[PDB]
Amino acid sequence: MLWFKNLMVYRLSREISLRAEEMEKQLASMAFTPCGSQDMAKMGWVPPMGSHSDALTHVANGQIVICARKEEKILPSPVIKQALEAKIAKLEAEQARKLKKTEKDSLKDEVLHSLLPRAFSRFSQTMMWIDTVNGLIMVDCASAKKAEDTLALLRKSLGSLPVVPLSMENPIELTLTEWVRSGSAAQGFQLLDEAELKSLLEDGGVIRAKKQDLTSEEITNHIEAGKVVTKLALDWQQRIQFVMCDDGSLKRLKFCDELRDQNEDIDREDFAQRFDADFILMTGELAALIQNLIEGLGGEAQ
Amino acid sequence: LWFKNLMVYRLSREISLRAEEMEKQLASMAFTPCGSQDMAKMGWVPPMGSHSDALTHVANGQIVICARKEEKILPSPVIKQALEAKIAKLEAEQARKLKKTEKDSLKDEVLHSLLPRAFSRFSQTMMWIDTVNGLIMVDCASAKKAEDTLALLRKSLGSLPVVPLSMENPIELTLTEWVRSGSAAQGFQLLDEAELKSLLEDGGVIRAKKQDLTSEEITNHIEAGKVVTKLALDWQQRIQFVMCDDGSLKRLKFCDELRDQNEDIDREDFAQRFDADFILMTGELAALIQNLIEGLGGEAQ
Ligand SMILES: [Ca+2]
Ligand SMILES: [Ca+2]
């Protein structure tokens, strides 16, 4: 399998009509289909398991994983910009004076209808894990908008999907700054070597530190002047490193060799059982990180 | 028009063609576009654009030339998928057979199929030759790209023997000193941006922005043994830029005064604003370059 690289977490508002044999059925109708030559972008469900399965969901232990594929046309803004000018300059190559607003909404779409068919595609695929035990959904993506596009896709397949982001009692920057300031992260977590420190004032001073000793007074000074820690590298139990972000997100997930290789003795042949072992392993482990991290950051606002 | 970055290079010998002879050797290597099947194409274009059909503009021993590059927007995955898809059709009846010269003559057909569909990416690169000082300045942020444009000119001219400025003293150490001492060399004043790197292979990088660099938080990094490998500077309240320890100047901001000092009774006529703005920019950045070899120690061996 492919492990999460990044994480946006959501609380699902106290259950879904999740009958997984009708879940599969609802996702089936939004399975992925490729773009027609006038489509910009399509999106839809694919097998979390690959060519190796036809199933749109995988379930193991009240954990569901689902996969969203996106196809986007490679049509750069400078390419369209020139096509248009070339033709807007060609009227005028026989009597100048251009004009005007809803004129080159018609001209602009000739170029789009014209260029669109030849445009190549770019592919993206986002995995999404739903923990029915914790009532939480984890999206393997680096941006809020990408996680919101998959959630909307999901909520369209299923009708309603009331999620919110996790919101903490204490602000994150302020819990992060005190871990650095006191020289120790909350129980479970340890401080690595990478941080972002911002002044409280737009325009007052941003410090990005890498491969640096954080509990050192070089860093201390920054906090002591008014800066707050807005991104902190963390290691949980010798087993999972990540950047904690002040917006509640986890960037650049790294799983230790020992979890990655844990199931090395599975034939290298049955992909369905390798995915099965790896999935139960990843989700129990991220689940237990999340529970501990909520608590290290001082608890959810209730 | 105005440079955004700057790489500097000493021209080891006198040029000693003549600019109507240069003009003519650059006419021969003039840009023409990509054919449906070409992939990429590079050559020289009027630095002045539409307003002139000449490939060189000259003023006061200051020549400027301009390279244009075009490359097909054709990703290696799109290639890959179209090839693999096609092999996965000669899986009708097997004979895996010549995945050496059948898959081989296959790429050519994918390429030939896809190249005409592919859209184009364009870049231009201004190149300014200071015959007086024997320097060449390329408006580019990467050394790859400056070496591409010199290559073009060394093909157009036969020979271009060039070297990057080499400082007697490493630039980091001078940068560091100015941040330790609280002050840049005369003509320059420290701005609010710096990268600080430790000497050990394994040590921190500090990137600061919108930061006051004459303060304990910065200089403590220096006491801790970090060197300033990039420092933001203002030359004479006219030009801001970032000095790098590889020797290059990034993110040139010319003060409004200069941008506007030819604003007045120049209207429709582009050709005059160009010469005027060009004379002005060259002579101004010629000063900075001189004032900054001095500021920085000096050159050479
Ligand atoms: Ca320490
Ligand atoms: Ca100060």
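Residue numbers (the entry's author numbering), protein chains in the order written: chain A, 1 to 302; chain B, 2 to 302. From the three backbone atoms N, C-alpha and C, an ideal C-beta is built for every residue, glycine too.
Practice item. Identify every residue that forms a DSSP beta bridge with residue 303(A). Key: In the structure as shown, chain A begins at 1 and stops at 302. Residue 303(A) is therefore absent and cannot be evaluated.
**Study point:** alpha helix (DSSP H) segments (min. 4 residues) lying fully within the segment 127-160 of chain A
**Key:** 144-158
Exercise for review: Identify the continuous beta strand (DSSP E) that holds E71(A) and give its terminal residues.
Suggested key: Numbered from its first residue, the first sequence carries residue 71(A) at position 71. First-last of the beta strand (DSSP E) with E71(A): 63-74.
Check your understanding: For ligand 1, any of its heavy atoms closer than 6 Å to the Cβ of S216(A)?
Key -> Translated into positions along the first sequence, residue 216(A) becomes position 216. Under cutoff, so the answer is yes.
Exercise for review: Output yes if chain B places a C-beta closer than 7 Å to the C-beta of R69(A); else output no.
Suggested key: By 1-based counting over the first sequence, the position of residue 69(A) is 69. Not closer than 7 Å to any Cβ of chain B, the Cβ of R69(A) fails to qualify, so no.
Exercise for review: Going by DSSP, name the residue or residues bridged to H58(B).
Suggested key: Working through the second sequence from its first residue, we reach residue 58(B) at position 57. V65(B).
Point to revise | Where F275(A) falls: helix, strand or coil (DSSP) | key: Position 275 of the first sequence, counted from the start, is the residue given in the question as residue 275(A). In this structure, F275(A) counts as helix in the three-state DSSP scheme.
Check your understanding: To the nearest angstrom, how far is it from the Cα of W45(A) to the Cα of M128(A)?
Key -> Start at 1 with the first residue of the first sequence, and residue 45(A) comes out as number 45. Start at 1 with the first residue of the first sequence, and residue 128(A) comes out as number 128. The straight-line gap from Cα to Cα measures roughly 11 Å.
Check your understanding: Mind checking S37(B): buried by the 16 CB within 10 Å criterion, or exposed?
Key -> Here the question's residue 37(B) lines up with position 36 in the second sequence. Burial call: exposed.
Check your understanding: At which residues does the alpha helix (DSSP H) containing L27(A) begin and terminate?
Key -> As a first step, residue 27(A) is located in the first sequence; it is residue number 27 there, counting from the start. Segment 20-28, the alpha helix (DSSP H) holding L27(A).
Review point. Closer than 8 Å, Cβ to any Cβ of chain B: which residues of the segment 33-53 of chain A, in chain order?
Key: none
Review point. Among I88(A), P47(A), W236(A), which has the Cα closest to the Cα of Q291(A)?
Key: Working through the first sequence from its first residue, we reach residue 291(A) at position 291. It is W236(A) whose Cα lies nearest to the Cα of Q291(A).
Check your understanding: Comparing alpha-carbon positions, which option in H222(A), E15(A), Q190(A), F4(A) lies nearest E217(B)?
Key -> Numbered from 1 along the second sequence, position 216 holds the residue referred to as residue 217(B). Of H222(A), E15(A), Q190(A), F4(A), the residue nearest in Cα terms is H222(A).
Practice item. Could you check the C-alpha separation between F123(A) and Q241(B) for me, to the nearest Å? Key: On the first sequence, position 123 is the one that residue 123(A) refers to. On the second sequence, position 240 is the one that residue 241(B) refers to. The alpha-carbon atoms of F123(A) and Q241(B) are separated by roughly 41 Å.
Practice item. Tell me whether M168(B) sits in a helix, a strand or coil according to DSSP, three-state version. Key: Residue numbering aside, residue 168(B) sits at position 167 when the second sequence is read from its first letter. Three-state DSSP puts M168(B) in a strand.
Check your understanding: Is the closest heavy atom of ligand 1 to the C-beta of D213(A) under 6 Å?
Key -> Taking the first sequence and counting its residues from 1, the one referred to as residue 213(A) is at position 213. At least one heavy atom of ligand 1 is nearer than 6 Å to the Cβ of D213(A), so yes.
Check your understanding: What residues from chain A crowd round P76(B), counting only those whose CB sits closer than 9 Å?
Key -> Taking the first residue of the second sequence as position 1, residue 76(B) is located at position 75. Per Cβ cutoff of 9 Å: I74, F120, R122.
Point to revise | Presumed contact (8 Å Cβ cut-off) between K211(B) and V139(A), rounded CB distance | key: As a working note, residue 211(B) is residue 210 in the second sequence. As a working note, residue 139(A) is residue 139 in the first sequence. Wrong, their Cβ atoms sit about 32 Å apart, outside the cutoff.
Point to revise | Through-space distance from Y10(B) to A142(B), alpha-carbon basis | key: One-based indexing of the second sequence puts residue 142(B) at position 141. One-based indexing of the second sequence puts residue 10(B) at position 9. Their Cα atoms are separated by approximately 14 Å.
Practice item. Look up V163(A) in the DSSP assignment and give the residues it is bridged to. Key: Position 163 of the first sequence, counted from the first residue, corresponds to residue 163(A). For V163(A), which the question treats as bridged, DSSP gives the partners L12(A).
Review point. What separation, rounded to the nearest whole angstrom, lies between the Cα atoms of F279(A) and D261(A)?
Key: One-based indexing of the first sequence puts residue 279(A) at position 279. One-based indexing of the first sequence puts residue 261(A) at position 261. Rounded to whole angstroms, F279(A) to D261(A) spans 13 Å at the Cα level.
Check your understanding: Are any of the Cβ atoms in chain A nearer than 7 Å to that of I64(B)?
Key -> Here residue 64(B) refers to the residue found at position 63 when the second sequence is read from its first residue. No, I64(B) lies away from the interface with chain A (no Cβ there is under 7 Å from its Cβ).
**Study point:** Partners in chain B for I88(A), counting only beta-carbon separations shorter than 8 Å
**Key:** As a working note, residue 88(A) is residue 88 in the first sequence. Correct list: empty, because the minimum Cβ distance to chain B is about 15 Å.
**Study point:** Residue-chain proximity (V163(B), chain A), Cβ-Cβ < 7 Å
**Key:** The count along the second sequence starts at 1 and reaches residue 163(B) at position 162. False, the Cβ-Cβ gap to chain A never drops below 7 Å.
Practice item. State the start and end residues of the unbroken beta strand (DSSP E) segment that holds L232(A). Key: Within the first sequence, numbered from 1, the residue matching residue 232(A) stands at position 232. That run of the beta strand (DSSP E) goes 228-236.
**Study point:** Beta-ladder partner(s) of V79(B), from DSSP
**Key:** Mapped onto the second sequence, residue 79(B) falls at position 78. In the DSSP output, where bridge partners are listed per residue, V79(B) has none listed.
Check your understanding: Under 7 Å between C-beta atoms, does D203(A) make it to chain B?
Key -> Residue mapping note: residue 203(A) aligns to position 203 of the first sequence, counting from 1. It does; some Cβ of chain B falls within 7 Å.
Check your understanding: To which residues of the same chain is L84(B) closer than 7 Å at the C-beta, ignoring the five residues directly before and after it?
Key -> Here residue 84(B) refers to the residue found at position 83 when the second sequence is read from its first residue. Taken in chain order, the residues that qualify are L107, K108, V111.
Review point. Can you tell me whether DSSP reads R97(B) as helix, strand or coil?
Key: As a first step, residue 97(B) is located in the second sequence; it is residue number 96 there, counting from the start. Three-state result, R97(B): coil.
Practice item. Sort out for me which residues DSSP pairs residue 310(A) with in a bridge. Key: Look at the range of chain A in this structure, 1 to 302, and you will see that residue 310(A) is not part of it.
Check your understanding: Terminal residues of the continuous beta strand (DSSP E) containing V206(B)?
Key -> Your numbering for residue 206(B) matches position 205 in the second sequence. Note, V206(B): beta strand (DSSP E), 206-210.
Check your understanding: Can you name the residues that DSSP bridges to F120(B)?
Key -> Locating residue 120(B) in the second sequence gives position 119, counting from the first residue. According to DSSP, which records beta bridges pairwise, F120(B) is partnered with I74(B).
Review point. For the beta strand (DSSP E) that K90(B) lies in, which residues bound it at each end?
Key: For the purposes of this step, residue 90(B) is taken as residue 89 along the second sequence, with counting starting at 1. Unbroken run through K90(B): none, as it is neither H nor E.
Review point. Residues bridged to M43(A) by DSSP?
Key: Reading the first sequence from its first residue, position 43 is the one you call residue 43(A). Per DSSP, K70(A).
**Study point:** Burial state of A147(A) (16 or more Cβ within 10 Å)
**Key:** Against the first sequence, residue 147(A) aligns to sequence position 147. With 16 or more Cβ atoms within 10 Å of its Cβ, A147(A) is classed as buried.
Practice item. Look at the Cβ atom of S157(A), then the Cβ atom of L27(A), and state whether they are nearer than 7 Å. Key: As a position in the first sequence, residue 157(A) is number 157, starting the count at 1. As a position in the first sequence, residue 27(A) is number 27, starting the count at 1. Result yes, Cβ atoms of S157(A) and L27(A) sit closer than 7 Å.
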